[PDB]
Every structure is written in C-alpha cells, then in structure tokens.
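The chain below stands alone and is given in structure tokens; this is the form deposited in one PDB entry.
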C-alpha cells in the first residue's frame, strides 16, 4: 500500500502532503463548478449528473474519457494517475472540479472567485461502510483493519480527509455565506429527478422533461455501474482491485444495517450527539 501522512491536521497520501502549498494556491475561474464531498458521499454520481446537465444530456460527450480524467481531483497526486492540480492547470473552461477537502482547507481562490459549489453529504453509517470497502480495494489508502477496528478508526477521524463529523459540519456552516448547494445522497436516491432539477436551477440550465428523464436514466446506479467511463474500471489494477470490492459496490441506502452491530450503533449515536445543528434533521439514524 501507498503511504499516507498528516498535512494540516488530516491524513492524506504522502504525495498530497508534499504539494500542499501548490494546492492551497490553486487558481479558480469564476465559471468553475466544484463538486465537494467527504470520501464516498456520492462524488462520482454527482459529477456524472452535473456534466450531463452542463452539456444538456450529451451522453456521447460524457463517454469521451473516464470520470478521473474528465474531472480534476484537486488534492490528488498518485503515481500512475498524475496530479489533479495539474490536470486542472491545463484545462480550459468550463471545468468541473472535485475535492474532498474539509472547508477550512479549501483553496481560497474558489471562494474569492465565488465559484458555484455542490456539496454532497451522506448518512455517516452508510458513509463508513462505503469507505471501509473502498480501503479494502484501494491500495492508495491505508489498510482498514478488521470492521471492528475500522469502526473505531472512522469514529475518531483517523482516516484520510479526517473527521466525517467536522467535514459535514464545516461545509454546512459555510453554505450560509458562500455559493454552496448542499445536497444529500439519500434525497438523490429517493427522488433523483427532483434533485437533478435543483442542480440544473443552481447551475443555471433550463431543461425540458425529456432531457431531465434522460439524465435520471443515465445516472441511475444500474446504468452507471455498466458504464466503463463512469465505474472506475479504467483505474490501474495495481491501485484498485474491483474483485475485492467493486467501486460501484451497492449504491443503496441503509447498507450500514448489515455491518453495524447494535453496540456499534449505540456507540455511534452517542458519539454523534457529543460532536453534533439543523444538519441532523437531514439524516435518519
């Protein structure tokens, strides 16, 4: 596995730590769209939707290259994948950018330029489960240990990008005074058309029902799982082993119930209440 270290208080792959100053001083464009998420909150889904909205349903164009090549992952720097920062550097407008950075670590240019930001939050228990399996299959990230160990690791924020709680909280507090659309993975799953419409309005695109319906179809889990440009199948096998756990794993809400013991659930809820707001009303515990 690739090594990780602390940069500005959060675990990151070693190569990200080494280029922090470069990341911090990222140069945004006023017309950049930023997709911001805690890892495994629904980044790939949201990116696919946002591009399809921007290109008005042009499914052929979204198949031009895989997700990681289409969308610069700002803080990412991994051997065989290059630097997301430099991917963006070279890229002409309109850019659709990705980050998992907690809000306090966000390159200030993105705020200075008042870029439209889409933040997606996900139920933390499903988020833990998704991140657990991701660490099992992704060798750029630390070994997760046993489920029992990982539960504690996640709870304490000792995973890359830090505390889930701090992450969702900082971004929620930020939405009040910045150009942020704050969405929930669960709302997207329950009524994708409604959330896609909300996205389009925020992006400033008027779409008719036909195109909206088309985006709902192409961005459904069962369709995206089969799309070799959207399912992370194109990542070198030396980094992501889909036979351990596929990137497009389940795409469901409530998978956490199959993983959490009642004891873990009670400990999680107790811990949550201590760390955590109106944000709480948007999750089902």
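Think of the rigid core as the biggest set of C-alphas that the two forms share within 1.5 Å after superposition. Residues that one form lacks are left out of the comparison. Positions refer to the first chain, counted from 1.
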- Mean temperature factor over C-alpha atoms, higher-scoring stretch between 114-122 and 201-209: 201-209
- Query: On average, which has the higher Cα B-factor in the deposited entry, 161-169 or 137-145?
  - Reply: 137-145
- Message: Highest recorded C-alpha temperature factor, please, choosing from 80, 130, 109, 191.
- Response: 80
- Top Cα B factor in the deposited entry, candidates 52, 239, 34, 28: 239
- Thinking about Cα B factors across the chain, which third does residue 265 belong to? middle
- Please rank the C-alpha B-factors of the chain's modelled residues and tell me whether residue 156 sits in the lowest, middle or highest third. highest
- Message: Ranking every modelled residue in this chain by its Cα temperature factor as given in the entry, which third contains residue 252?
- Response: middle
- Can you work out whether the C-alpha temperature factor of residue 175 puts it in the lowest, middle or highest third of the chain? highest
- Item | Record-listed C-alpha B factor of residue 105: chain third | middle
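Omitted from view is the form deposited in another entry, to which the following refers.
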- Task: Please name the single residue among 180, 211, 96, 203 whose Cα shifts by at least 2 Å between the shown form and the other one after core superposition.
- Result: 211
- Does the C-alpha of residue 39 move 2 Å or more between the shown form and the other one once the rigid core is lined up? no
- Query: Just checking, between the shown form and the other one and with the core aligned, does residue 28 shift 2 Å or more at the CA?
  - Reply: no
- Message: Taking only residues present in both forms and a 2 angstroms threshold on CA movement, what segments of three or more in a row shift between the shown form and the other one once the core is aligned?
- Response: 57-64, 206-211, 280-283
